[PDB]
Every structure is written in structure tokens, then in C-alpha cells.
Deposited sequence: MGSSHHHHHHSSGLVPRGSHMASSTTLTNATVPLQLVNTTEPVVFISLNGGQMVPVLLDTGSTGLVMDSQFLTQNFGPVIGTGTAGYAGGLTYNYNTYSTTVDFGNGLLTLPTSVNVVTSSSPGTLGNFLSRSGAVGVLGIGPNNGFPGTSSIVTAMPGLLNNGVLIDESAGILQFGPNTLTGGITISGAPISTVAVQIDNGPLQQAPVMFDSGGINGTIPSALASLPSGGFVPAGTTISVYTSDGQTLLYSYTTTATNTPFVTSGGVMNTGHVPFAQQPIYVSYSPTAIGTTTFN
């Protein structure tokens, strides 16, 4: 499923409601939440995963009894054990969820989840990816009241997250899963059908060797134009030109990861309607 292909490559009666979204170190979208009425804490907005996972420091917090236990991986870089709890999540202005499943890391390697998230300074991952047909695992947004649960508009350059039905027309909409089939074009080459993950935590992104016609293990050369269209090739989702400090890493296999680029460019709506698609 999506989580198997999710990698963060390091280069180094309300219908709607908005909250601040802080961009940290250009690429990291951070929002603040309170768990069970606790202190506001930063979490990383990650469209590439589904699930709220908190650093082990949260074991000191009162989330009630452990309701479940497990082991998982995050973003291809951290292996961890976790406890599951049922607790409320508040985004402020009493925008409060029903109690819902929240995981807390009990041990991890290499290092802690907070250390792994050091680029953002976040202490948890707010995985808001849609996850159709996997009823066990859902974005915490689905536990918001009334129409607030329909989806979230992420607008990094405006500094905002808006819960509820989309209030903008066209734009990019993520639905079904964080991976969808689109068409990808490098420079003025052919449009190629490809699975792509729109991953707001993916930094400067990755592109597979076969798709890019480049050897794996280094970055795409600066001055390379990348354009991503709907699968039919008729509508441009986004385009940019790589730079020496903003360029995807070339992987052997796997799927292309957009990283922050499309989010920095455009408001992107994540829909939780039953339905992986991306439309423009």
C-alpha cells in the first residue's frame, strides 16, 4: 500500500475552519495540536502517511489506557514500536475531535522520532493521507464534527490549513490514497504515465531512475524542468525547474515523490470522500 512506498529523502454547525500552518525550513509544514487538553505541540503535516504518531515524550502525558500495541516504519527511515490510545485532538478555537486513535512511540531506531523530525522541530507526525478501503486507519480529520471531517485544504504559501469541504475551484485534489497515476514530463520529453505520491513531508522529493532516465544514487541536475499533469495529459498540475538546492534524489525503482514543491506552489485539497486520484 502507500506506506510501503513512503520515503522522506534528506538532501543535507461549522462547515469550514482555518488554523495557522507554519512552514519551517522552507519545506516542513507544521501545525499545533493539543492532545487530551494538553499543551499545544508542533506536528508535521504529512500527506504521505495516515495516522497520528507522537514522539516517546508523550508517554508522560495522560492519554488514558493503552488500547493496542504494534511495530511500524516511518518514511523509510525510522523503525518503531508504539502504544495506541484513544484520545481527543484539538487544533485550537475549540476545533476538537471525538476521541480517536493516537499512537505513541515506545522505542525506535535509529534515534527517536523527534530527532528524525529535526528539520521541522515537530514532535509527532500528523499523517493526513486519505486511506480508502482500510477502515482500520484514517486521518484524524475524519474524526472532526459535521462537515469539518470532509477534507482539508493545505495552503503552505498562505500559511493556512482549512478543514471542511473545499471552498476553492479547480486546484489539485488528493483523494483515495496519497499515490495516484499522473503523467510526468522531463524537459520537453514525452509525457509518461507514472504513479506519484504527493507527499508534503517529502522535502525536495525523489524520482525513479527509469522515469527520469538518470542513474540512481544522486540528484537530478539543476536546470531540469519537471512537469506533472493529470493522467490524461490534458491539465498541468504543477511544473518547476530544479536548482542546486531544490532537486529530487534519483532512486532505483519505487515511485516518484513530489516533496514540498506542489504544496509550495498551490493550495492542495485532501478529500476524505469514498473513492488514488489527483485532479486539477
query: Missing CA stretches, deposited numbering from 1, N-terminus first; finding: 1, 14 to 25, 289, 295 to 296
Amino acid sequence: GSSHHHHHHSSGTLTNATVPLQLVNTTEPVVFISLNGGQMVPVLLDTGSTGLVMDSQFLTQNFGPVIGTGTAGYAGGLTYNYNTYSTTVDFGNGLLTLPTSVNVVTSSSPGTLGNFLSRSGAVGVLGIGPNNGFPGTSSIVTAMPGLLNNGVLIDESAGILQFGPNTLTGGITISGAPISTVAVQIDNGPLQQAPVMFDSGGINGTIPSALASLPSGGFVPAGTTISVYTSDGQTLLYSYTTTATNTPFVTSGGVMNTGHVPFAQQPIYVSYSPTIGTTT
From here on, numbers count along this sequence of modelled residues.
{"query": "Mean C-alpha B-factor comparison - 248 to 256 and 44 to 52, higher one", "finding": "248 to 256"}
{"query": "Selected stretch [higher average CA B-factor]: 209 to 217 or 235 to 243", "finding": "209 to 217"}
{"query": "Deposited CA B-factor, highest of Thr26, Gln61, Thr224, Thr230", "finding": "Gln61"}
{"query": "Given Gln22, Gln266, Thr18, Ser10, the residue at which the Cα B factor reaches its maximum", "finding": "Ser10"}
{"query": "Modelled-residue ranking by C-alpha temperature factor, third containing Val30", "finding": "lowest"}
{"query": "Lowest, middle or highest third - CA B-factor, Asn166", "finding": "middle"}
{"query": "Among modelled residues of the same chain, the CA temperature factor third for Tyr82", "finding": "highest"}
{"query": "Chain-wide C-alpha B factor ranking for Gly151, given as lowest, middle or highest third", "finding": "lowest"}
{"query": "CA B-factor placement of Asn103, once the chain's modelled residues are sorted into thirds", "finding": "middle"}
